[PDB]
Amino acid sequence: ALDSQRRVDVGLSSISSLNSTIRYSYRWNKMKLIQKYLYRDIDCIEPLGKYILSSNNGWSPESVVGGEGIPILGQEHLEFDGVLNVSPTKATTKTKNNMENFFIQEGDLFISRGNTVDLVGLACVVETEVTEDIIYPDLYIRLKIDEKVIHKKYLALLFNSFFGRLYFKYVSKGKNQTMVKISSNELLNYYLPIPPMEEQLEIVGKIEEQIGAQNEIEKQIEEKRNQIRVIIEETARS
Amino acid sequence: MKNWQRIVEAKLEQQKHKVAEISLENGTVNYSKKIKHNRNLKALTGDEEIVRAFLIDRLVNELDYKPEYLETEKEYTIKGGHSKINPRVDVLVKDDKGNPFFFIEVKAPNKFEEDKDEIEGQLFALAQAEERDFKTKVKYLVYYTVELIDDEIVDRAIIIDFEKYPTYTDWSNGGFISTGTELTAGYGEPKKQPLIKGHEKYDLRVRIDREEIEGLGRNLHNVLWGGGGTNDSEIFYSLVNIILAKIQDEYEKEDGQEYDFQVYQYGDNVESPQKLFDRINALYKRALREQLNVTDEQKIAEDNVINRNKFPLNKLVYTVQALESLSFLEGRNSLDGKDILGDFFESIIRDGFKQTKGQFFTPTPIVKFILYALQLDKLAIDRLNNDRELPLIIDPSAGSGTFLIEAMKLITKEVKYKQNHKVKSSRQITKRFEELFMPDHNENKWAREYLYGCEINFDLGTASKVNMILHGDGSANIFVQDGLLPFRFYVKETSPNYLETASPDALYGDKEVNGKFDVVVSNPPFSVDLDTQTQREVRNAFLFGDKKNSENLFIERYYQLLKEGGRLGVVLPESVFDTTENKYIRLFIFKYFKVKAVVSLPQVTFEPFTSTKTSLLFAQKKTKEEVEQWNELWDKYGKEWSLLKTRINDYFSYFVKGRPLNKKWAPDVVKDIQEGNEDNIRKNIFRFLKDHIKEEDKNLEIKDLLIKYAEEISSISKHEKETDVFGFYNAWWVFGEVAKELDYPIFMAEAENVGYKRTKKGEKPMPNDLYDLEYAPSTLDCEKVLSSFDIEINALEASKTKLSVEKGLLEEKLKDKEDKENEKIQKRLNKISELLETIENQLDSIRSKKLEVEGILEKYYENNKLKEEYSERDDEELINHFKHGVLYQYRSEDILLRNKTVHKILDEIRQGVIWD
Ligand SMILES: C[S@@+](CC[C@H](N)C(=O)[O-])C[C@H]1O[C@@H](n2cnc3c(N)ncnc32)[C@H](O)[C@@H]1O
């Protein structure tokens, strides 16, 4: 109801509330109103700039599907569960001068810079073994955070939740609805509910169990697929 | 019924020799048996046959020519490709030597502007056949038509010498050669009647018909533009210069002498396209020595009414010939020609001008939303009622004058026609309205006093001036002297000048502010690129001229032009609203303006020329009392913050950093440190921080709080960068404190669509989301849709009754005849009967929709007035009635001001915000 309003009545006093730059605009004030509604009962709201250690933007050179070079990812590899589904399809055949930090490592936080207004700012965590070094494209940000206060996967789950979707649909600056590009400035200024680490682990556990249930559903699905295969084979053989 | 048809019928009937008969009541025409006809003409094919008969009568009776040399309805049979073609020639008159003296093609007067494409299909083939057969040359080709001026029939004709231009290339370079407007008797060379004031026949046209202007526009698009050449700036500029020259002609040539725009034609035959360049150039100097009063000798010396390299003179002579009788300054006098020329020129700008980065036009739907969202109509009505004046609108960046033109057409329409009931009927108000709007021939007469503008581009300045002359204004106030030049430089001959006046303002900083205008609407350029010749205005005249963003100077200009309480509606880029570098300007507006609406716009608004997000800002200038209150509150809270900063930084050094206490500190500081009044310690932290602290912070120890904050407390401690204007205090802290006291509500909204989508190819309609058209007029006349509509149907009923009587007489006269030979014409009479029954069938069918629309009129209208429940067009049913079927006419495309129902952003603008 609040998000689909298209009209905001803003008071003058409301402008200078955690603003520090006196920004008045429809999008910024709509985002602030939605955040005020969200964080009403929730407490312990804190900025991400205090608990951020560093942010490094990746970069990707010219490449073709295949090419027998070092592999690169795609925009479809990002997932809502917060796990980077590593399955590169394209690679770069020519070499660069420096590639030390352009590879993907385990336990990293990747942020989507440029994508559709819906799937922008999408975050993922690399949990599987990287083994071979793989290049992550320019539309990514490696985010190193303070591990003592905030857990790596909790931020990804928050960003993929509506908490981050609503913020990034108004903060994103793009020339079209197909691609909108976020930057690091709003990552510095973003406000989060940061409960004790125990609560973050509890949330992660609930998400993991409710995703394992769905995993049981698709494993039943390939059980049905194998049944189809067996029926075809037994019909053909005799 | 039309008077001219009856006049023509009477003129043809008054002739002594009864050779042709017409009957409009019966809709029949009959001709003498002397000329053989291959078909039985029984129905009126159009005005073409009447014009041909009139020309035949004029030739036979008035010009005393022998009828034996006249040939009409000549049949040709040719085999073209796989088909057969039968072209026809209208009038052939040959002399004693056999050469065609008159080769006349007859066309309907209302079909001339659209039939030109068929001319090539009717004339060149016959000439080619004649060359193939006899290898002879035709001497003169004559194209004739009639025109109605003051109930008098005048003749406008084109005479082309075939031998003079034997080839198509020579004919194209000739530019529609017309030897003379009228013919001459006694084998004389053709002569054109002078176009001179004094004689009504010689005088120009003032009753401009609505349709031929569209034909002229499409002909210019198809001929001047080459068909394959679109969006060329230089051709448009040449056309603009030609129109300006024509305007100067009516301005200066005055009465008693012929105009110099027309071909002077000292000789009987029209001369070559040359020897007119000197004429038009001297005329183009007389213009800009009379209207613009320019003082550039190099610009006068370079001439350049046209450029010879890309504007050949054949198109020039075509344009000159096309615009001989279309008096622009006097065509607006007539009600029919009131808005014809303005629409013509706005179509010229719309189709022909190429616009891109830096130079592009604001779309009309945004302009009208800006003008109506300021309640400019209500402001003008209130100004007229209270102070007997109209608002003083200025647009300091008017490129094509779109904002000014829309403001003019809005004020005139609202005050004079739409909302005329709001204005009072007092004698003083009535006389002021008399000298403003009443004469009704030039209703845009007030503009000369109340409409200003500034443009930096000379070419677009001339374009704006000519556009706004053709729309009705004198266009004296539009300046081509840059938007940001000082108020002293803006000088022009006419005495009442509200832009010259200036005076320093103590609050502004001693800088000079005008303070004379009521409304300031503009579309500020993204980058001003201010000229290096006069850079003293950057520093001395403007507060923030030294900054990198030089476009933000425009906002400061808007403070100087507006009056205390004036209105400002502008399309600012979104970067002004959300960028730290622009913060200084955002603190500026809140200091002096009362922000009232920030309407965001989609990025499809300015496509395809630019793709950047822009927003609408509506603000009102603040009076001296409010800004001095702001200044005093700013000073108070800045001093309080100044004390808090020093105190809290002294607190940090001891209580966290550990530096021993010193007696050089403030007495309250030292005693609070000594006797440990930690409650005040916490209170000062809370007050200095304001936000950035939560409920957990109050219980937690102060030392850990300070360690945790550090960065935030340092950021708050740092003062501002602009200095002088703000006064060494923190803008965020003091701004929050002052805005708590002076709170007012701001309205914000976003539009997703703007009623159009301009791809590179063309426009495609979309939902508006900004405003809704009325779609239903507030004044509908029953007698306008009833009597004239029924005249045709009852005339046809009388005609078919007479036809039925004569058919019955023929039926009897064939009943007493023998059947075997009768059968063929009896079947023909049956065909006539079935034609009559089917025609009366569609008349009955259209009478049904007549009845249903009459029922709708009775249901929705009461004494030609929309009822209060139907006043606000929320009823989609009535709207769908008007925009369907035959109710396409009499529509109202005006913007609807509902004032009680909120559906689209403009309604929330006009209801939610208050301008006072
Ligand atoms: C915004 S466009 C169209 C303005 C108006 N909406 C119209 O339709 O005519 C006006 C153009 O004139 C130019 N212009 C106007 N005033 C100017 C000034 N004072 N200094 C520099 N350029 C100016 C801008 O570059 C802009 O491209």
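Whatever comes next refers back to the structure up there.
Residues numbered from 1 in each chain as written, not as in the entry; some residues may be left out. Chains lettered and ligands numbered in written order. Part of a larger assembly, values for the part shown. Heavy atoms only, no water.

**Student:** Would you mind showing me how to read the overall build of chain B here?
**Tutor:** A count of helices and strands for chain B gives 32 helices and 23 strands. For chain B, whose C-alpha radius of gyration is 38 Å, the value lies well above the compact-globule estimate of 29 Å for 916 residues. By its C-alpha atoms, chain B is 140 × 70 × 65 Å across when sized along the principal axes. Here chain B, with 916 residues, has 45% of them falling under the buried criterion. The contacts of chain B with a sequence gap of at least 6 include a subset with a gap of at least 24, amounting to 67%. (Helix = DSSP H or I, 4+ residues; strand = E, 2+ residues; numbered from the N terminus. Rg over C-alpha atoms; globule rule 2.2 N^0.38 Å. Buried < 20%, exposed > 50% of the residue type's maximum accessible area, 1.4 Å probe, protein only. Contact = heavy atoms within 4.5 Å.)

**Student:** Can you help me understand the overall build of chain A in this one?
**Tutor:** Regarding its fold elements, chain A presents five helices and eleven strands. Across the 238 residues in chain A, those meeting the buried criterion constitute 42%. A separation threshold of at least 6 residues defines the contact pool for chain A, and within that pool the share at least 24 residues apart is 76%. Of the accessible surface of chain A, which amounts to about 12700 Å², a share of 54% is contributed by carbon and sulfur atoms. Looking at charge distribution, chain A has the averaged site of its 29 positive side-chain charges lying 10 Å from that of its 33 negative ones. (Areas by Shrake-Rupley, 256 points an atom, 1.4 Å probe, with all protein chains shown as cover. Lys, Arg positive; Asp, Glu negative; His and termini not counted. Charge placed at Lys NZ, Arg CZ, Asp CG, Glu CD.)

**Student:** Explain the sheet that holds strand β7 (residues 100–105) of chain B here, please?
**Tutor:** Sheets are built from strands paired through backbone hydrogen bonds, the pairs being either parallel or antiparallel. All names here are of chain B. Spatial ordering of the open sheet is given by β3-β6-β7-β8-β9, a layout of five strands whose pairing is mixed. Across the chains shown, the open sheet's two edge strands, defined by having one partner strand only, are β3 (70–75) and β9 (152–161). Between one strand axis and the next, the sheet turns through 30° on average, direction left out of account. Looking at chain direction, strand β6 (residues 88–94) and β7 are connected through four bridges and run antiparallel. (Pairing = 2+ DSSP bridges. Axes fitted to C-alpha atoms, helices over the stretch in contact; angles between N-to-C directions.)

**Student:** Please explain the interface of chain B and chain A as it appears in this structure.
**Tutor:** Quoted interface sizes are often the accessible area lost when the parts come together. At the interface, 33 residues of chain B touch 27 residues of chain A. Surface buried jointly by chain B and chain A totals about 3100 Å² across both partners, of which 59% is contributed by carbon and sulfur atoms. The largest contributions to the chain B side of the interface with chain A come from B:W732, B:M748 and B:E750, which together make up 20% of the buried area. For the interface between chain B and chain A, the tally reads two salt bridges. For A:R23, the salt bridge is made with B:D578, and the minimal N-O distance between the two is 4.0 Å. The interface formed by chain B and chain A includes eleven residue pairs in polar contact. Broken down by secondary-structure element, the contributors of at least two residues to the side of chain B that touches chain A are α20 (583–592), β17 (593–600), α27 (731–741) and β19 (745–750) of chain B. In terms of residue count, the dominant contributor to the side of chain B that touches chain A is β19(B) (six residues). Considered class by class, the residues forming the side of chain B that touches chain A number 14 nonpolar, seven polar and twelve charged. (Buried area = accessible area lost by both parts, 1.4 Å probe. Salt bridge = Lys/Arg side-chain N within 4 Å of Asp/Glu carboxyl O. Polar contact = N/O pair within 3.5 Å; in protein donor to acceptor, adjacent residues only side chain to side chain. Nonpolar A, V, L, I, M, F, W, Y, C, P; charged D, E, K, R; others polar.)

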